[PDB]
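S.K.: experimental structure and sequence below, a few questions after.
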Amino acid sequence: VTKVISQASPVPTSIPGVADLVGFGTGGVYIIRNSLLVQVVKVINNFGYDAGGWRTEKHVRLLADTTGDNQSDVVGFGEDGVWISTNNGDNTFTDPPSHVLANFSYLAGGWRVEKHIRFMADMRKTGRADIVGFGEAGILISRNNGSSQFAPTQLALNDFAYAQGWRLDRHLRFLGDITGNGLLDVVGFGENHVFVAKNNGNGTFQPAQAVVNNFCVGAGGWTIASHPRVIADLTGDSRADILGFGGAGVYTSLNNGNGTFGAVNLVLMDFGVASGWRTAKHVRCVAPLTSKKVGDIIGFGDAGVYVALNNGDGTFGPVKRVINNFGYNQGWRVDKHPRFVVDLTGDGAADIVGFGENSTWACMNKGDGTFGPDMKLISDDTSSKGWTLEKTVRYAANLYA
Ligand SMILES: CC(=O)N[C@@H]1[C@@H](O)[C@H](O)[C@@H](CO)O[C@H]1O
Ligand SMILES: CC(=O)N[C@@H]1[C@@H](O)[C@H](O)[C@@H](CO)O[C@H]1O
Ligand SMILES: CC(=O)N[C@@H]1[C@@H](O)[C@H](O)[C@@H](CO)O[C@H]1O
Ligand SMILES: CC(=O)N[C@@H]1[C@@H](O)[C@H](O)[C@@H](CO)O[C@H]1O
Ligand SMILES: CC(=O)N[C@@H]1[C@@H](O)[C@H](O)[C@@H](CO)O[C@H]1O
Ligand SMILES: CC(=O)N[C@@H]1[C@@H](O)[C@H](O)[C@@H](CO)O[C@H]1O
Ligand code: NA
Ligand code: NA
Ligand code: NA
Ligand code: NA
Ligand code: NA
Ligand code: NA
């Protein structure tokens, strides 16, 4: 499946891949390298609640390859600027980090978690991640010129920002390739339309185009509170399609190939409000779980994990409960226990990992969207050891492969 960057998952993982685990703890940054010999390693005495004053409410902490060597670096949008610790290649990182740009931050640029969105993305196919912010006047990009040299911001597009009415309480913004050229374009679920903007390849976009009169708060009644939406390749043409978890169930609009979109269809009467699904208590994802390399549906519900497998064309097979765990009825809580659907084995079929009450747990995908037994990986990065949502950040991320 293709690289999609979203508000919900700003650190994309690779398909295929062997994702590592990263924790921005109170004392700093810790990693669990995906390997046969499992352990927790502290790598930076920074980017933490008690290690530099990092706060979920004011700052953004991410992983992205900022150098082009295919290793992920630690990036923090802090109080006064953007701070980077680079991956040394051997499960260590530079410490202290370096401040590379006095912008995209609370006091330098006036950026706010409540109003603005900050991502890291290779926007020009350089192999390096540029800074991309949806701010006040539009989308601002700082070009990564290599060797920690970040160009001052340029207004990539005068849209998808606070001045054009975009709000985190009402709308969704994504980066994803909707044309097939390998460049990340902008997809925005606005007030009355899904808009797209095509990437020019040089740090700017074409003007936005309304492509679907649906999936929005003012078109079809789609709320952030009840109806999560994603973009993902549902068909295998490498272009992002639209999928929504609506009232009745799952709605899709398939990309025509060029970033225009087809009809809106209800393709599955499950995973919606009508079948009991709730943003407050459940996790719904789209990720490849089989050899077809298209988006399948995963849902951490009450009784456990439910999957519907894509037939290969954006329609789905029956819903099956594949694991009687990671669900609400086994004590998993959206506000305490992060759960991710990511490739941990390198075969292209996404696995399940969860940071539980006492242990990190995983289940291996057998390659066909069925799973093995719940495996206990390690008793760290968990609630019981002080890792809370309010004070810490945890990701699955490809640090190397
Ligand atoms: C939240 C934040 O920006 N924290 C930074 C910290 O990472 C850095 O070590 C320090 C250097 O003086 O400056 C603080 O502002
Ligand atoms: C929150 C926000 O968008 N702040 C930007 C700032 O990052 C940029 O340096 C400046 C340049 O004019 O424009 C502001 O609007
Ligand atoms: C929040 C939202 O949807 N804002 C859009 C804006 O992006 C678009 O450029 C404008 C002109 O069509 O229409 C507004 O409603
Ligand atoms: C939030 C939601 O599910 N909205 C759907 C909308 O997308 C669909 O177009 C309409 C008629 O089919 O039914 C609404 O309930
Ligand atoms: C919120 C939730 O878990 N809903 C599930 C639904 O997906 C499933 O189709 C049904 C039959 O197993 O069981 C419900 O409890
Ligand atoms: C939220 C959480 O961690 N729940 C786990 C559950 O998945 C596991 O089946 C059980 C028995 O080991 O232990 C619980 O603590
Ligand atoms: Na790198
Ligand atoms: Na490196
Ligand atoms: Na900040
Ligand atoms: Na594109
Ligand atoms: Na597609
Ligand atoms: Na896998």
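M.R.: Yes, it's here. Numbering: from 1, shown residues only. Ligands and ions are numbered 1, 2, ... in the order given.
S.K.: wait, does stretch 310-321 contact ligand 11?
M.R.: No. Between stretch 310-321 and ligand 11, judged by CB under 5 Å from the ion, nothing touches; the nearest distance is 7.7 Å. All C-beta atoms are positioned from the backbone trio N, CA, C, and that covers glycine.
S.K.: what lies in contact with that stretch?
M.R.: Applying CB atoms under 8 Å, 6 or more residues apart in numbering, the set of residues contacting stretch 310-321 from outside is 234-236, 241, 250, 252, 254, 267-268, 270-271, 290, 292, 294-297, 303-309.
S.K.: how far does that stretch sit from its chain's centre?
M.R.: With CA atoms, centre = their mean, to the nearest Å as the basis, stretch 310-321 stands 22 Å off its chain's centre.
S.K.: one more: stretch 267-276?
M.R.: Centroid separation between stretch 267-276 and its chain, computed with CA atoms, centre = their mean, is 23 Å.
S.K.: number of residues surrounding the closest residue to ligand 4 within the stretch 101-250 of the chain?
M.R.: Across the stretch 101-250 of the chain, no residue is closer to ligand 4 than residue 246, which sits at 2.5 Å (CB to the nearest ligand atom). Summarising burial for residue 246: neighbours were counted as other CB atoms under 10 Å, giving 24.
S.K.: show the buried residues in the contacts of stretch 310-321.
M.R.: Of all these considered here, the ones buried according to neighbour count by 16 or more other CB atoms under 10 Å are 234-236, 241, 250, 252, 254, 267-268, 270-271, 290, 292, 294-297, 304-309.
S.K.: what about the residues you listed, which are in strands?
M.R.: Taking DSSP state E, the ones among the buried ones among the contacts of stretch 310-321 that sit in strands are 241, 250, 252, 267-268, 296-297, 305-308.
S.K.: most widely separated two among these?
M.R.: Pairwise distances across these (CB to CB) peak at 23.0 Å, for the pair 241 and 305.
S.K.: show me what contacts the closest residue to ligand 5 within the stretch 151-300 of the chain?
M.R.: With CB to the nearest ligand atom as the measure, residue 276 is the residue of the stretch 151-300 of the chain nearest to ligand 5, at 3.5 Å. By CB under 8 Å, 6+ apart, residue 276 lies in contact with 301-302.
S.K.: go on, the one 4 residues further on?
M.R.: For residue 280, the contact set (CB under 8 Å, 6+ apart) comprises residue 334.
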